[PDB]
Amino acid sequence: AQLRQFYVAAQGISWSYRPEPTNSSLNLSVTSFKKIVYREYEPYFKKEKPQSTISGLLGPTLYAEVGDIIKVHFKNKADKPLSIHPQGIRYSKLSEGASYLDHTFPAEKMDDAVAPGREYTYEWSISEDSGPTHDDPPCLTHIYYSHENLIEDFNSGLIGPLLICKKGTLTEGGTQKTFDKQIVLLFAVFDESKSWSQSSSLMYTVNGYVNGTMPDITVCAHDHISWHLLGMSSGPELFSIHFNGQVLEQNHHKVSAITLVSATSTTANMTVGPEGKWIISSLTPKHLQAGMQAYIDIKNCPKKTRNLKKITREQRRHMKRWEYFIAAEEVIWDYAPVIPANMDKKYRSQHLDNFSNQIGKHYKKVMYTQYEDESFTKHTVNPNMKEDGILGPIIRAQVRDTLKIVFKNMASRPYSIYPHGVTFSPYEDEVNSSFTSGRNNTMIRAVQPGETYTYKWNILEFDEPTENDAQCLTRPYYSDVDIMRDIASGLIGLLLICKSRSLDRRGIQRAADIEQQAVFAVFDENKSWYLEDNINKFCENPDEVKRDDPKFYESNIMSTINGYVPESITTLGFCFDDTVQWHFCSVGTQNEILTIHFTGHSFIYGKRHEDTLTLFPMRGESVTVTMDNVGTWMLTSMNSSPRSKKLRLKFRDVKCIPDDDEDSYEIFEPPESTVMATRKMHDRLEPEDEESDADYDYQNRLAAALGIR
Amino acid sequence: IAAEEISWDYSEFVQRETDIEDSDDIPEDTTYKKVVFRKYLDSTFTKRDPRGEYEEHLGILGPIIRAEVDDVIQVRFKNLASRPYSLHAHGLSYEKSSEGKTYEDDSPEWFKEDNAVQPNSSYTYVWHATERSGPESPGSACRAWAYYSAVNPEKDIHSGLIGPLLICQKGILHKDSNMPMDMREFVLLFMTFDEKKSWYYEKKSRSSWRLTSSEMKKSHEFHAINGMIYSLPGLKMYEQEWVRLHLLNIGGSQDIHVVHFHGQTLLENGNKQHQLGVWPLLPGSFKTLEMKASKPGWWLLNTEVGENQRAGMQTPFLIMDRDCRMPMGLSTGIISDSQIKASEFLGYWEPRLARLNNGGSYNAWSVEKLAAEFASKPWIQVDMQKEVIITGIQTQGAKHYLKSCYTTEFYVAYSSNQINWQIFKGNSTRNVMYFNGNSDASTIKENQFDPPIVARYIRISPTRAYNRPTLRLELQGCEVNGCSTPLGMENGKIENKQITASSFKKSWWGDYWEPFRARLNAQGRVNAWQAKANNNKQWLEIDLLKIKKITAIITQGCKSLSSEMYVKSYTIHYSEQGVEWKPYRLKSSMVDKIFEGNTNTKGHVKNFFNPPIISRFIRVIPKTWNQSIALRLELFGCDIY
Amino acid sequence: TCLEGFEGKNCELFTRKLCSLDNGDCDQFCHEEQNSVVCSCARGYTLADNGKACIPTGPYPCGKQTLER
Amino acid sequence: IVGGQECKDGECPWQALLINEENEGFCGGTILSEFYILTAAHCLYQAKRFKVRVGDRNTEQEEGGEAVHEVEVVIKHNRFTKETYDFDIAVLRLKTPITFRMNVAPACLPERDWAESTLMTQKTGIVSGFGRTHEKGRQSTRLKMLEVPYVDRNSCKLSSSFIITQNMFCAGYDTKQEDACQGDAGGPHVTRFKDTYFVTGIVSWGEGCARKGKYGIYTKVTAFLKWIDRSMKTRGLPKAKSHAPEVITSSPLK
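Residue numbers (the deposited numbering), protein chains in the order written: chain C, 1 to 709; chain D, 1556 to 2196; chain A, 71 to 139; chain B, 195 to 448.
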């Protein structure tokens, strides 16, 4: 029943696409266009609000609670009668802000006839059914706009955020009680070419900021912050945003990425950690010709101290001398597998060797592997683990996992390593950070070919996810020196940020099994850094150059899986009692969502049983799937032609009768057979079999939780 | 299931379903050479399934199969054209015996025989129903699937060869032909259809085929919504309905929309802990969730896009009144069935004289003699020359000594253009080829309708009664905007503190009158308000508390069990939050309106008023009169937000 | 009295081929023999006139229920 | 709601009470034939002696000449985990044969085929037992047999801290009321399949029995066919007619 009255007035402001407070670059300004944006005013519309620096072209951020009234007052000052169309429920057609053929009374258009210079108060409210009061965040944002012309009521700056939070733990302004900050985000594409002033200026301006000139979000530590995931684009455009280092908690779930469309009503909150300079990686492959970068400036203001314990609470440590050895070698790896099965003649007899006199056999494709000792020449085996190929192998993290990535480059370009959303030490980098301070807190990831560097950091209990989600979260890692070119060169893998199921030094995955992933990255040779090892240097036909032709272009545009461009060597034929965790990923040069249809097969996610799923780039999607089926079918997609006609899968799933291990070949055992000695599922130990952990000979301290109490 | 090659029209907005503009000439051809499905109750032809009122969402798509646990319906198919057709389902882990996809198999002519159907030859084929589609967790109970051809993954979804597989749970079933309903679920398939990308491509286009149709970019690939364009019918619900909406998208893989309702918050079931508000869509899955309406009116249904709204979907859904059970033409004297049309009558009794319980042995409906009545065509065109919405019609016979005389069965029809008689009302949701009727004579019988039927040329037709065809069908309609609801001026919700009387008549050596019962159908002493004086000075003020939108009015009158008096004219005084006893302004000019009271003795007065009466203290001052002052004042307001 | 080979209300559905699901409407083992299904109980039980359910014969074989009270 | 109703004095034979020579019981058994009694292995190992009596509906009282089924010696099991619980099935080697009476009704032998058709259909079950698995403060004098439903396998490994294999699964209500350690240990969780009765569960204590309203632990003898077959044919024909039929076998159950 609270009165949340606001005074918004739209006007045309010649706002530059770059924050230039100094009049030195105004004579040669590369941006000088008008923008009709929303601007808040005082009662009776006297003086203009100063507005935050983050809200360049964004209007006033409206805030409200449940069961309250919102007598918002608007005064248009542009040129055409605009309106305000929120996302409430109590507002009627007389005050809805939508001008269309309603087939009702003509007097219902009084909310849209707001002439430029006429005041009009909208009598709106909200019902009680707009409050979650559960596992959702205490706020439910909304987007209000003008229903006149969406092509103009957005590119000019006619966008504003509306907040309908929960009455109780919220203050006056949109900030919670236990949280001391309110971070509002906005990522838009102001297409100036399609608006009111038809001027050729197709530029990707995030809130009117180009080349990463967006004002940096800054907040000191020892406090709590709250986010607001908002930002509508011109239409079907998305934004692959990510919060490096600092992990948020969207929908009370510890996540670090969010990529939807049309500004989805979602807010989040988290708790800051140590001081530093983190990154807001706005890595949008389809939106990079203009510029969109941001970072995090975490200082240190000593105000309150939490009970955050560093190590686990007197039961879990597992201090082991296990450092992951990674050497950026240039072993001979090609798009086609070693001796292909389905005969990939398009790459075997054209680019794999000296056939057709194109590239050759000796390549420089660098792959991130994992050795077993300090040799930097052979891993667990001489080749690879087959099940991953050029993709990264199996890496698991736990408390004191000693993630000491002994990286020693030896190719022709300085590389590094960076796991997705991991907090490190002020001494070692392992993250594309610009934090260059003193020698004590310096961090440089530049590892020249020949020099070795170890990124030492102790992953502990403050680096684990929640409890309701899956065990090990999928976080694909990639090089931090380069952004888009190293991914095409085969420098990408996957990391398992698991929960608190640390049993021994390796962490026994309780109620789990093996892992089956699925990657589909479409890249090009021109995107990779080793473009010189194709047609110019590593070449044997200087008279005929395979360029400027569609034949050589599509020969590089390929979708790979486990380092195998045609088809993989393994099948998805599981059996019963397979509590595995399926992972999916599909990075590349795209930005929207990617889907895949499953015929005759389904999965389990969200306490239900869906058929198909939809993954997201940047981050990694994980789901615990139990593969129980008898027969064989296809897993094709429904798109155009280069991604729907050859993206099938041939496998046979059979379980006769339990896990099918009495007359076939599979790495499982029901057992259900003659057991006269020792077989599978025979956990008979002399001291004690199992229970929860192995802190002592019997574990005498009784406090096994799943995080900070 | 069938698949006869019938040319379907994508640009269906020229039919003027809910469109406004008239200068919408089609540059190319309206219809497109495609194939439509059909449902058969038998294995052979010459027997189709009549598309009922509930079977609305289909357009170019054929029927929708409803098979659940312990219930299987055959799907015999026979090719009619010259190309072999296919049929492939999705969802469960069905084997190749009921799959029908063109790939590797095992059986010779059984796993892939359904993909190659020879013309003029039937084939034995039947699908299997599972329990996987049942939504787990306490919340939902339905989750639809999809099925299409399989001879080509792309040339079939554009050839009109689509179909959704709506599968619910088991436990809640209805008596509608043993089909589980007990709700009002909807299903919509949004997917564009292309003529140049299909098997029935006639090598050329209907206008030009140089740079993908020189007239319009992909003119053959129109964004047909639900098989049509600018249509979307059946969106006529009531206030506060938690109906389930099934959103299915299989072909549109590069078209992401976000559904946002104008003033309707969302509520997710299952977990019972989420509110959301908005809910987009992803390609592949079959999203389904409730709606939960709030305020009535023509609320626009859009997806907040620029390419699929003004050129795709733009149909506002209407919410009509729920408690619109007011008298229409029985208790009033203005609205009557004077515009009735028919052909064959039933006897010699009076036509209009068909009131419930009337004096005389002649009270029915007839003009010409009946002679012989059977399964001929005694149609009774009940035309109203306006929009209609009927949810229930009563039926009562006649007697005068002992005989029953009641109609046992009668079929109903309807029409919307007079030139064609769409005799299909008898096959609605529950009905298939029959309809209820009267049972006796002294017991009133009603026939309630389930689907919100809308038309203009209503047609009823009797059959045979108890050796005397006599029918007395009443009239019960409803509102169109959905807000004109009785505030209680005649029921009892509006107390006497709001509607007050003037003077109280009291005799010296006797009793005293109580003229404060100004309601409809009152007993006791008087029946309404009768002041002591008899001039143009008395008043009858009403307190509306808040502002309202009054459109319909009614007025009968009272008496004193001797003489009947009424009022012939009055004036309505409108005001605002404060107090202002000023008559209602005339919108057609600038003066005040001169309202008319009761015309005859007991015949009510029904009139519509487009301009709202935004006021709170409405005053009624009777100008002229008849004998004495008497009127049963009762209006119909709205809830202006 | 419609012709044979066609069953249902107006004799539309054909004869049943395999049992597989729902145990073939018989209270014992369902095992198809290439478009031929036949159910039959082993020892301790007999058969009925058509084969809908095995008629109980023995008083207490290896699996019954006492409905005396 | 069907609560803890006692067993009937008609169709409830599967209750071979395993007591001691004194007035002190320990667990129970399962009646199937005249040469093998399925029960838990901890009934005898790490316990006391063994005294069986079939058709005994009450321990304190006696319903006449009906409880007689003495046992000579007994052995153990190969897969029986001494610390935890896994394949906890033991066979009681009776010494005197008992005919088929009213309170002693035989049952047909299970098979591996009734593993994919009995768990998906019969989602319930009954737990026959005098009440010796949770012998704390609910020792009822009457033979109680309540009804417990079946839950998905993905909710049984977390019911107890011990990781449960495939042999044992859920067989109780949700986390609401007391539905675990019901009846005597080794109690038959027979599920009336179709015209027959096949036992498919043995109640045993894991970490004891306390506040276990989550789920229950019950074995699956359909996979135990290879053990009941190796201990019935390899022992040979009954020498002295159930002596031992036949207790003279190795400890890992042959």
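A virtual CB, placed ideally from N, CA and C, is assigned to each residue, including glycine.
Query, Result
"Alpha-carbon spacing of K1980 (chain D) relative to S1786 (chain D), whole angstroms", "21 Å"
"DSSP bridge partner residues for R475 (chain C) (one or two, in chain order)", "C:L495"
"Under 9 Å by beta carbon: chain B residues contacting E102 (chain A)", "Simply none; closest approach about 15 Å."
"Terminal residues of the beta strand (DSSP E) in which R506 (chain C) lies", "Unbroken run through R506 (chain C): none, as it is neither H nor E."
"Exposure of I1874 (chain D), with buried meaning 16 or more beta-carbon neighbours within 10 Å", "buried"
"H1729 (chain D), buried or exposed, once every other Cβ within 10 Å from all chains shown has been counted against 16", "exposed"
"Simplified DSSP state of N2002 (chain D), which is helix, strand or coil", "strand"
"Boundaries (first-last residue) of the beta strand (DSSP E) holding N76 (chain C)", "73-76"
"C-beta neighbour in chain A for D1597 (chain D), strict 7 Å", "yes"
"Cut-off 6 Å between Cβ atoms - residues of its own chain near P393 (chain C), not counting five sequence neighbours on either side", "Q370, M385"
"Neighbouring residues, chain D, relative to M638 (chain C) (Cβ below 9 Å)", "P1708, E1709, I1712, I1805, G1806, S1808, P1838, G1839"
"The segment 1969-1986 of chain D / the segment 1903-1911 of chain D touching (three or more Cβ pairs under 8 Å)", "no"
"Nearest to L158 (chain C) (by Cα), restricted to the options C:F74, C:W124, C:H318", "C:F74"
"Extent of the continuous beta strand (DSSP E) to which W278 (chain C) belongs", "276-280"
"Within 7 Å of chain C by C-beta, residues of the segment 1843-1860 of chain D in sequence order", "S1849, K1850, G1852, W1853, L1855, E1859, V1860"
"Helix, strand or coil at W227 (chain C) [DSSP, three-state]", "strand"
"Proximity winner among B:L286, B:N297, B:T278, relative to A261 (chain B) (alpha-carbon distances)", "B:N297"
"Three-state secondary structure assigned by DSSP to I1780 (chain D)", "strand"
"Cβ-based neighbour list, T2106 (chain D), same chain, cut-off 7 Å, excluding 5 preceding and 5 following", "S2039, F2163, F2164, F2191"
"CB contact check: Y391 (chain B) to chain A, cutoff 7 Å", "yes"
"Where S199 (chain C) falls: helix, strand or coil (DSSP)", "coil"
"Own chain partners of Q1673 (chain D) with C-beta closer than 8 Å, once the 5 adjacent residues on each side are dropped", "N1634, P1639"
"Beta carbon proximity, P132 (chain C) to chain D, threshold 7 Å", "yes"
"Residue 711 (chain C) to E123 (chain C) span [Cα, whole Å]", "The requested residue 711 (chain C) does not occur in the structure, where chain C is confined to residues 1 to 709."
"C375 (chain B) versus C403 (chain B): straight-line alpha-carbon distance, rounded", "6 Å"
"Cut-off 7 Å between Cβ atoms - residues of its own chain near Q371 (chain B), not counting five sequence neighbours on either side", "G407"
"First through last residue of the beta strand (DSSP E) which encompasses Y7 (chain C)", "7-13"
"Host alpha helix (DSSP H) of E1559 (chain D) (start-end)", "Premise fails: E1559 (chain D) lies in the beta strand (DSSP E), 1557-1559, not in any alpha helix (DSSP H)."
"For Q1936 (chain D): DSSP bridge partner residues", "D:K1896, D:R2014"
"Chain A within 7 Å of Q1951 (chain D), Cβ atoms only", "no"
"Distance CB(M1988 (chain D))-CB(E2189 (chain D)) smaller than 7 Å", "no"
"CB contact flag (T413 (chain B), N361 (chain B), <7 Å)", "yes"
"Option nearest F356 (chain B) by Cα separation, candidates C:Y665, C:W529, C:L503", "C:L503"
"Where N272 (chain B) falls: helix, strand or coil (DSSP)", "coil"
"Below-7 Å beta-carbon distance, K34 (chain C) vs any chain D residue", "no"
"N- and C-terminal bounds of the alpha helix (DSSP H) containing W421 (chain B)", "419-424"
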